[PDB]
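These notes are about the structure you will find just below.
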Amino acid sequence: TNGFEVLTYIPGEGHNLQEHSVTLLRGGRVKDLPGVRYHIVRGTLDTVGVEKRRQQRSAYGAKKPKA
Amino acid sequence: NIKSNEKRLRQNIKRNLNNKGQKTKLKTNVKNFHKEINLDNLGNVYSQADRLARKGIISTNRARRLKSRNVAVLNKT
Amino acid sequence: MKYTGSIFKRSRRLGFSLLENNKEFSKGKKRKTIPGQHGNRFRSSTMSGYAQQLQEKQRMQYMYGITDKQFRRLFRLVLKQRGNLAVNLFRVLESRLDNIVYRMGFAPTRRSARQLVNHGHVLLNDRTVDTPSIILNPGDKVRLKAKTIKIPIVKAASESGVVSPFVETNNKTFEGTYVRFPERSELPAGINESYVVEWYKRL
Amino acid sequence: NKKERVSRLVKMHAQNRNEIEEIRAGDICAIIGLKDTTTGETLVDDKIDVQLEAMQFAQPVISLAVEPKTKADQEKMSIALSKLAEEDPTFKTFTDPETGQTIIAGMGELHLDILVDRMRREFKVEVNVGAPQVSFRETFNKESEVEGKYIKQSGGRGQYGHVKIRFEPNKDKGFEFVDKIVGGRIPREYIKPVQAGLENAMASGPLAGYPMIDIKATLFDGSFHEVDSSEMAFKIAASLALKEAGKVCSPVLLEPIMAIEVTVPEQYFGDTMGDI
Amino acid sequence: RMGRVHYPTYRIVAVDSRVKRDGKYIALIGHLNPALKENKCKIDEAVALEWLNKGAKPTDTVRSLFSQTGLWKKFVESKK
RNA sequence: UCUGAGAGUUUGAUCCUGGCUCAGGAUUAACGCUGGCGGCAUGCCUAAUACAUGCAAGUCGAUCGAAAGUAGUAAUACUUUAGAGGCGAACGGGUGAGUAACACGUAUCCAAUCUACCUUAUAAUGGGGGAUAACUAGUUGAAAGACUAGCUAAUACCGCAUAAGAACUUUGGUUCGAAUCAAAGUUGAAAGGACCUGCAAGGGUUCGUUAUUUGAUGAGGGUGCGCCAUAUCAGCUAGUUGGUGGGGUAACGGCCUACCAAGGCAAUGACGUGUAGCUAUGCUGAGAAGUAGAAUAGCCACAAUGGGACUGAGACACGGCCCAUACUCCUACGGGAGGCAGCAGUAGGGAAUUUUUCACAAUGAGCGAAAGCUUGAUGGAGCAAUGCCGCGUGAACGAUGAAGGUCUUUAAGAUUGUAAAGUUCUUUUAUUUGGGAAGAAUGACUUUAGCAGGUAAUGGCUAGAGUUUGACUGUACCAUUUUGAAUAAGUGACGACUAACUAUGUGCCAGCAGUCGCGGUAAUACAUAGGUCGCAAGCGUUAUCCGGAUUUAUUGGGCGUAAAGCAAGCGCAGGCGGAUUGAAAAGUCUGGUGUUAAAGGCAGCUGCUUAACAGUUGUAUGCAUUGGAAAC
């Protein structure tokens with residue numbers, strides 16, 4: 001939203017990438033990536049889901065799996 | 001809109017006219033004393049000062065201060 | 001939470017059967033090993049202050065049936081008074097309503113006592129209690145309504161109830177009275193509370 | 001099934017909004033509040049039956065996809081459609097699964113004009129007209145045969161599977177499988193997985209993701225190993241062979257040819273024949 | 001009054017009509033719970049007469065609460 | 001005493017200086033996955049951005065004339081007030097834009113000022129005059145309104161008289177810039193209402209009003225002290241500094257002005273710039289202190305901005321006026337309404353801050369002898385798991401452990417697993433039956449009993465009886481009321497740090513992740529299944545603050561080899577400073593007094609069944625004064 005521009009990591013397998021979407025941000029730290037200590041939230045208005053996932057349903061914004 | 005606001009406005013327009021009238025009656029006699037520094041003019045000024053103080057147009061402290069200033073000049077005479 | 005699932009699971013894992021040898025009884029297997037898919041000879045080397053403190057705290061809050069937040073809340077309540085906080089804290093814990101009911105044998109388990117209290121069948125000094133969180137003082141009386149004494153289950157539990165010298169029971173009238181603070185030998189010696197006291201580093 | 005609180009009543013006059021309190025049998029007004037009411041709802045105060053109507057209209061349905069340009073404007077446009085649907089319950093908007101974009105319907109050009117004006121004035125979201133989309137189901141034409149191999153060593157142990165699948169398309173009969181393995185070239189335990197191995201993969205098309213329909217699949221020959229060669233090898237080989245068959249077969253598309261009843265007075269009949 | 005909802009606790013105070021509700025008060029008379037049907041106000045009845053004689057009349061709701069104690073019976077005669 | 005926890009991370013290996021991350025509490029939190037309730041608090045820090053509509057100060061006929069209408073022959077009874085006049089409006093309500101200094105916190109001095117109504121009692125409420133709305137008519141007018149001439153009353157206005165008492169001046173006297181008092185010169189106050197009694201006359205009860213006079217109270221002014229960063233900001237300042245005279249706001253004061261001048265502040269850091277509501281208080285640790293100054297309580301100020309004046313006792317005035325400024329809206333185009341940081345609510349922003357809610361039931365406020373009117377102050381209800389407490393989502397019995405799954409995967413078996421299959425019991429909740437609150441005991445209204453100057457009268461004070469007093473709510477809650485295990489669990493993680501592991505896939509590809517660091521071939525580090533562990537109607541997640549971190553160190557580090565002695569000398573201010581004798585008591589220690597608001601914390605206790613929450617008692621600290629001590 002500010003004039004600055006930020007590098008972030010896209011978590012998980014798969015992508016919801018179109019290079020045109022406004023999306024929210026997440027904290028955290030990933031020291032392997034040079035210059036990337038910011039993250040994109042997975043499971044919001046954009047980057048909505050990771051499939052096959054049945055664990056770690058705090059990130060990835062995946063609905064609880066039931067039969 | 002407040003009905004009491006406009007009511008008090010139309011009231012204090014007339015009140016302001018009357019207060020300006022009394023203030024000018026005071027000041028013209030104050031000028032008269034400045035011209036004729038005598039006992040009669042001071043008596044008139046203090047009568048008018050009491051009249052304003054009776055209703056409350058001039059605070060008693062202000063009236064006391066101005067009458068002290070005038071009585072000092074009269075005593076110097 | 002308040003329910004731990006299978007009671008035998010906790011007893012087998014933590015080596016503490018609430019009934020002397022009934023919750024780790026030969027019920028298809030008689031073993032002290034922890035349950036799960038990894039039943040096997042293992043070298044126990046992580047058993048230290050961290051591990052033992054967690055074990056004592058978990059056993060405490062599972063035998064007492066109290067959630068962690070309530071448990072620290074009662075600890076803070078104990079902190080307000082002065083003296084030997086360990087023994088006094090344990091006495092305050094033993095003065096819990098469902099624990100007293102279980103020690104009287106009026107309810108087979110603390111969970112059964114919780115069910116009895118919450119459904120509203122326990123009377124305390126002209127006041128019926130609905131929340132299973134009550135601390136009793138010496139000379140405090142507990143009554144069971146005529147409506148709630150018609151059940152073969154509760155009568156069978158009463159006839160096979162737990163004996164406790166520190167309180168007075170009238171089974172012919174279904175009356176209980178908290179006589180005095182239970183003595184150290186009258187308290188369960190399975191758990192050592194000092195480690196749990198040292199677990200409090202929120203000061 | 002809820003009690004709404006009538007806050008205030010008002011009649012929209014020629015130029016003024018006269019706020020009134022009492023309404024008798026014969027007068028009409030509007031209510032402020034009740035911000036979730038849908039047209040056609042009836043209001044009840046003294047326990048009367050509701051006069052809810054559902055069989056008084058006809059469908060002018062003509063699907064027209066509206067392509068989005070900015071995703072934020074699309075998200076606001078979704079709320080705009082939600083806030084405009086109750087305006088006309090007979091106004092239709094579809095949400096295509098393959099292309100998750102709005103599909104407007106209306107009664108002609110002026111209908112689209114008034115709807116787009118409603119979107120672009122109150123919500124200030126302006127969108128350019130695109131082009132409609134169709135389901136466009138898929139089949140294909142007969143092919144000779146397909147092979148499938150899968151050999152791996154990953155995990156400290158390999159996985160092995162060899163299958164021969166011959167992929168037969170149809171036009172009326174859907175997915176069906178016939179087994180012909182004789183001679184121990186595959187154990188029976190992996191017969192049923194392959195039955196599920198093909199059909200689950202059949203729903204993917206090599207053109208635009210339209211599922212492949214009305215196909216027959218069969219197994220003739222295969223190969224495996226000793227205690228290795230677990231179940232998943234043949235299951236994935238079936239899907240790989242299915243995809244290869246669907247790709248190399250030069251598939252064919254199908255669209256529903258709608259039967260049109262053109263009803264006209266006895267004035268444009270010859271002109272209708274000429275136009276068709 | 002103050003306190004949690006469904007628990008009216010109005011501390012008895014001497015009020016000059018210019019002050020806002022439960023703001024900076026001149027002097028608290030005591031405490032009284034209207035729900036309990038029993039006299040519980042902590043009053044000295046000496047400083048109360050001091051405030052009565054220095055003006056700034058407190059709430060009227062407690063005047064009756066002072067008629068039961070006989071404050072008027074002595075106040076009206078101490079006026080003379 | 002309040003009261004103290006560490007681990008890992010450099011190396012072939014060892015130690016040391018230091019850093020980093022984790023281990024825990026809290027939010028004016030939110031996101032993501034789910035989601036039962038009760039109790040209770042909280043719910044725009046961003047745009048003090050613009051904002052439709054209703055409320056957010058109205059009241060007084062026992063103030064007045066008059067106006068209209070329901071009865072009545074009229075008279076008059078009955079209902080209301082358009083206006084004048086009176087009180088109220090400056091307080092409540094809301095924000096923190098702006099404000100870096102007596103604004104804030106605190107004690108004095110006001111011999112520097114006032115305070116309507118409340119509290120104190122006393123002189124009095126004497127006699128006249130003039131208009132004026134209201135009303136009518138004419139004009140400008142579409143109305144909105146404005147202009148012109150007559151008509152009308154007052155607790156409205158204006159002379160005069162009395163003025164003990166008051167102000168002013170003079171003579172005398174008290175006292176250390178003022179005090180009390182004797183005489184004299186001068187000056188000025190109003191209005192009756194309502195009711196009762198009385199043939200009248202007149203008298204009485206209350207109110208309204210003037211004067212005088214006690215507190216209390218609010219505001220204002222001066223004061224020492226402490227109360228952000230910033231020197232990679234050395235000069236700042238011209239009514240400034242000071243004096244004489246005069247005027248002026250409540251006052252003293254260049255506050256302002258006429259004249260004379262030249263200083264004042266200032267390296268103990270002014271001035272400059274950024275930021276900023278402050279305090280009590282919220283959290284953190286034992287503390288030094290840091291953190292945040294949600295709500296709250298007080299103080300501070302503006303109300304779209306810049307100014308100005310008036311009424312008023314107090315305003316430069318949340319929704320007063322005028323002017324200038326940006327906009328909306330209406331206009332018949334002539335000109336007009338103006339300003340939701342009031343309750344709401346919306347456009348937008350953001351992670352987000354809510355019903356376009358009820359009643360003033362209760363308190364309060366504003367007003368009126370009164371029936372009492374208003375009250376989006378105030379107290380309830382609604383939404384939201386934002387947060388805290390409690391509470392269910394069953395319990396008893398029931399196996400070498402049913403089935404199936406998972407695993408060694410043998411033709412042992414373990415595992416899930418008293419979980420279950422299944423039998424009894426049981427109802428907080430889901431569910432009908434009955435019952436049903438405390439909260440007015442606020443007061444008033446009507447009757448009586450006693451009280452008093454007066455009693456010729458009712459009113460003034462205290463009691464007793466009946467009248468009513470709820471927005472809440474048939475709510476809470478209760479009673480074998482009926483049926484009923486039935487009506488309600490997900491969450492993160494298991495290589496270690498730091499309790500909790502095995503199987504399949506996987507080939508530096510995927511991906512994990514707070515760190516060490518994992519994955520290019522049997523991966524307990526990844527993805528999944530199962531198992532397991534920990535929390536829970538919440539779990540994680542980030543932001544951010546205290547602890548660990550004593551890791552800016554009086555408490556609580558060093559400067560030879562891990563960072564660090566100016567290259568040396570001279571040296572001011574300032575800091576530190578030998579003893580003996582005497583004094584003083586400024587620092588210092590102690591005794592006493594008053595203040596340091598409530599709320600909050602600490603300890604004790606009380607109640608809503610009980611925690612949460614509320615309430616009660618005690619409770620520090622600092623300030624000034626009084627009195628001691630002379631060991632520094």
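Labels used: A, B, ... for chains in the order of the structure tokens, numbers from 1 for residues in each chain, and numbers from 1 for ligands as shown.
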Within 12 Å of residue A:14 using only C-alpha atoms (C1' of nucleotides), minus same-chain residues under 6 positions, as a PDB file with N, CA, C and O atoms (P, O5', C5', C4', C3', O3' and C1' of nucleotides), in the first residue's frame:
```pdb
ATOM      1  N   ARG A  42      -1.127 -17.671   3.021  1.00  0.00           N
ATOM      2  CA  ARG A  42      -1.748 -18.650   2.141  1.00  0.00           C
ATOM      3  C   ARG A  42      -3.114 -19.005   2.715  1.00  0.00           C
ATOM      4  O   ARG A  42      -3.215 -19.420   3.873  1.00  0.00           O
ATOM      5  N   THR A  47      -4.274 -16.696  -3.182  1.00  0.00           N
ATOM      6  CA  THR A  47      -3.508 -17.841  -2.620  1.00  0.00           C
ATOM      7  C   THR A  47      -4.470 -18.630  -1.733  1.00  0.00           C
ATOM      8  O   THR A  47      -4.056 -19.034  -0.658  1.00  0.00           O
ATOM      9  N   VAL A  48      -5.688 -18.890  -2.205  1.00  0.00           N
ATOM     10  CA  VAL A  48      -6.749 -19.485  -1.338  1.00  0.00           C
ATOM     11  C   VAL A  48      -6.469 -20.889  -0.778  1.00  0.00           C
ATOM     12  O   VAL A  48      -6.827 -21.115   0.390  1.00  0.00           O
ATOM     13  N   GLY A  49      -5.918 -21.830  -1.551  1.00  0.00           N
ATOM     14  CA  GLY A  49      -5.807 -23.190  -0.973  1.00  0.00           C
ATOM     15  C   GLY A  49      -4.613 -24.026  -1.391  1.00  0.00           C
ATOM     16  O   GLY A  49      -4.169 -23.904  -2.540  1.00  0.00           O
ATOM     17  N   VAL A  50      -4.189 -24.920  -0.490  1.00  0.00           N
ATOM     18  CA  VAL A  50      -3.300 -26.073  -0.824  1.00  0.00           C
ATOM     19  C   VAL A  50      -4.115 -27.368  -0.715  1.00  0.00           C
ATOM     20  O   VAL A  50      -4.726 -27.592   0.347  1.00  0.00           O
ATOM     21  N   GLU A  51      -4.119 -28.186  -1.772  1.00  0.00           N
ATOM     22  CA  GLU A  51      -4.889 -29.460  -1.796  1.00  0.00           C
ATOM     23  C   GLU A  51      -4.117 -30.577  -1.087  1.00  0.00           C
ATOM     24  O   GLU A  51      -2.927 -30.340  -0.794  1.00  0.00           O
ATOM     25  N   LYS A  52      -4.776 -31.709  -0.792  1.00  0.00           N
ATOM     26  CA  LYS A  52      -4.122 -32.907  -0.182  1.00  0.00           C
ATOM     27  C   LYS A  52      -3.758 -32.630   1.279  1.00  0.00           C
ATOM     28  O   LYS A  52      -3.487 -33.594   2.024  1.00  0.00           O
ATOM     29  N   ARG A  53      -3.785 -31.363   1.679  1.00  0.00           N
ATOM     30  CA  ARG A  53      -3.410 -31.002   3.041  1.00  0.00           C
ATOM     31  C   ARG A  53      -4.502 -31.429   4.014  1.00  0.00           C
ATOM     32  O   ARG A  53      -5.683 -31.144   3.798  1.00  0.00           O
ATOM     33  N   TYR A  60      -1.971 -21.887   5.168  1.00  0.00           N
ATOM     34  CA  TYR A  60      -2.513 -22.499   3.954  1.00  0.00           C
ATOM     35  C   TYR A  60      -4.026 -22.338   3.829  1.00  0.00           C
ATOM     36  O   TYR A  60      -4.598 -22.681   2.787  1.00  0.00           O
TER      37      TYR A  60
ATOM     38  P     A F 510      12.464 -27.060  -6.008  1.00  0.00           P
ATOM     39  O5'   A F 510      11.209 -27.794  -5.358  1.00  0.00           O
ATOM     40  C5'   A F 510      10.064 -28.098  -6.138  1.00  0.00           C
ATOM     41  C4'   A F 510       9.278 -29.238  -5.544  1.00  0.00           C
ATOM     42  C3'   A F 510       8.542 -28.939  -4.250  1.00  0.00           C
ATOM     43  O3'   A F 510       7.328 -28.238  -4.448  1.00  0.00           O
ATOM     44  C1'   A F 510       9.703 -30.974  -4.027  1.00  0.00           C
ATOM     45  P     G F 511       7.234 -26.677  -4.084  1.00  0.00           P
ATOM     46  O5'   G F 511       6.698 -26.661  -2.585  1.00  0.00           O
ATOM     47  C5'   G F 511       7.532 -26.244  -1.513  1.00  0.00           C
ATOM     48  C4'   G F 511       7.742 -27.357  -0.518  1.00  0.00           C
ATOM     49  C3'   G F 511       8.081 -26.936   0.902  1.00  0.00           C
ATOM     50  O3'   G F 511       6.955 -26.531   1.659  1.00  0.00           O
ATOM     51  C1'   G F 511       9.566 -28.627   0.229  1.00  0.00           C
TER      52        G F 511
END
```
- Message: I want to know what sits within 12 Å of residue B:34, based on only C-alpha atoms (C1' of nucleotides), with residues of the same chain fewer than 3 positions away left out; could you give that as a PyMOL selection string?
- Response: chain B and resi 27-31+37-39+41-42+45+69-71+73-74
- Excluding same-chain residues fewer than 5 positions from residue C:85, what lies within 10 Å of it counting only C-alpha atoms (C1' of nucleotides), as a ChimeraX atom specification? /C:75,78-80,90-91,194,197
- May I have the residues within 12 Å of residue E:68 as a ChimeraX atom specification, using only C-alpha atoms (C1' of nucleotides) and disregarding those fewer than 4 positions away in the same chain? /E:39,62-64,72-73 /F:462-463
Export of the given selection (C-alpha atoms (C1' of nucleotides)) as a PDB file, in the first residue's frame:
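Output (again26.pdb):
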```pdb
ATOM      1  CA  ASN E  39     -29.904   0.230  56.417  1.00  0.00           C
ATOM      2  CA  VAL E  62     -31.013  10.512  51.088  1.00  0.00           C
ATOM      3  CA  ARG E  63     -33.119  13.154  52.877  1.00  0.00           C
ATOM      4  CA  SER E  64     -35.672  10.475  53.766  1.00  0.00           C
ATOM      5  CA  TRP E  72     -34.080  16.555  60.740  1.00  0.00           C
ATOM      6  CA  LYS E  73     -35.417  16.376  64.306  1.00  0.00           C
TER       7      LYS E  73
ATOM      8  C1'   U F 462     -41.603  14.574  61.609  1.00  0.00           C
ATOM      9  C1'   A F 463     -44.707   9.873  61.532  1.00  0.00           C
TER      10        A F 463
END
```
- Item | chain F contacts on chain A, only C-alpha atoms (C1' of nucleotides), 12 Å, as a ChimeraX atom specification | /A:1,10-14,24-33,38-45,47-65
- Query: Which neighbours of residue D:52 fall inside 9 Å, counting only C-alpha atoms (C1' of nucleotides), when residues of the same chain fewer than 6 positions from it are skipped, and could you give them as a ChimeraX atom specification?
  - Reply: /D:40-42
Output for the residues just chosen: N, CA and C atoms as a PDB file, in the first residue's frame:
```pdb
ATOM      1  N   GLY D  40     -40.573  -9.453  -3.543  1.00  0.00           N
ATOM      2  CA  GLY D  40     -41.525 -10.542  -3.455  1.00  0.00           C
ATOM      3  C   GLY D  40     -41.869 -10.951  -2.038  1.00  0.00           C
ATOM      4  N   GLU D  41     -41.067 -10.546  -1.057  1.00  0.00           N
ATOM      5  CA  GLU D  41     -41.348 -10.859   0.336  1.00  0.00           C
ATOM      6  C   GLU D  41     -42.583 -10.108   0.822  1.00  0.00           C
ATOM      7  N   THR D  42     -43.387 -10.787   1.633  1.00  0.00           N
ATOM      8  CA  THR D  42     -44.579 -10.205   2.231  1.00  0.00           C
ATOM      9  C   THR D  42     -44.342  -9.951   3.713  1.00  0.00           C
TER      10      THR D  42
END
```
Expected answer as a PDB file with C-alpha atoms, in the first residue's frame: strand (DSSP E) residues in chain A:
```
ATOM      1  CA  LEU A  25       1.356 -10.356   4.061  1.00  0.00           C
ATOM      2  CA  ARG A  26       2.683 -12.560   6.852  1.00  0.00           C
ATOM      3  CA  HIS A  39       5.875 -13.951   3.837  1.00  0.00           C
ATOM      4  CA  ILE A  40       2.571 -14.057   1.977  1.00  0.00           C
TER       5      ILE A  40
END
```
- Residues at most 9 Å from residue F:120, counting only C-alpha atoms (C1' of nucleotides), excluding those fewer than 3 positions away in the same chain, as a VMD selection string? (chain E and resid 53) or (chain F and resid 213 to 215)
- Identify, on the basis of only C-alpha atoms (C1' of nucleotides), every residue whose closest approach to residue B:11 does not exceed 12 Å; exclude the query and any residue fewer than 5 positions from it along the same chain; express the result as a VMD selection string. (chain B and resid 4 to 6 16 to 18) or (chain F and resid 83 to 86 133 156 310 to 312)
- Query: Got a sec to pull out which chain B residues are within 7 Å of chain F, counting only C-alpha atoms (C1' of nucleotides), and send them as an MDAnalysis selection string?
  - Reply: chainID B and resid 5 12 16 43 46:47 50:51
- Message: Just the number, please: distance in Å from atom CA of residue D:231 to atom CA of residue D:186, one decimal.
- Response: 10.7 Å
- If you measure from atom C1' of residue F:49 to atom CA of residue D:16, what distance in Å do you get, rounded to one decimal? 28.7 Å
- Neighbours of chain D in chain A at 9 Å, counting only C-alpha atoms, as a PyMOL selection string: chain A and resi 20-22+45
May I have the residues from that selection written out with N, CA, C and O atoms, as an mmCIF file, in the first residue's frame?
```cif
data_model
loop_
_atom_site.group_PDB
_atom_site.id
_atom_site.type_symbol
_atom_site.label_atom_id
_atom_site.label_comp_id
_atom_site.auth_asym_id
_atom_site.auth_seq_id
_atom_site.Cartn_x
_atom_site.Cartn_y
_atom_site.Cartn_z
ATOM 1 N N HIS A 20 -0.693 -10.043 -10.652
ATOM 2 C CA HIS A 20 -1.607 -8.910 -10.741
ATOM 3 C C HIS A 20 -2.493 -8.778 -9.502
ATOM 4 O O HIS A 20 -3.304 -7.846 -9.432
ATOM 5 N N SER A 21 -2.333 -9.638 -8.502
ATOM 6 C CA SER A 21 -3.284 -9.743 -7.403
ATOM 7 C C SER A 21 -2.808 -8.959 -6.190
ATOM 8 O O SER A 21 -1.641 -9.060 -5.798
ATOM 9 N N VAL A 22 -3.717 -8.179 -5.601
ATOM 10 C CA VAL A 22 -3.480 -7.632 -4.272
ATOM 11 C C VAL A 22 -3.699 -8.731 -3.240
ATOM 12 O O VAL A 22 -4.672 -9.493 -3.307
ATOM 13 N N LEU A 45 -8.108 -14.128 0.423
ATOM 14 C CA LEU A 45 -8.770 -13.712 -0.811
ATOM 15 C C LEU A 45 -7.975 -14.117 -2.050
ATOM 16 O O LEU A 45 -8.557 -14.389 -3.105
#
```
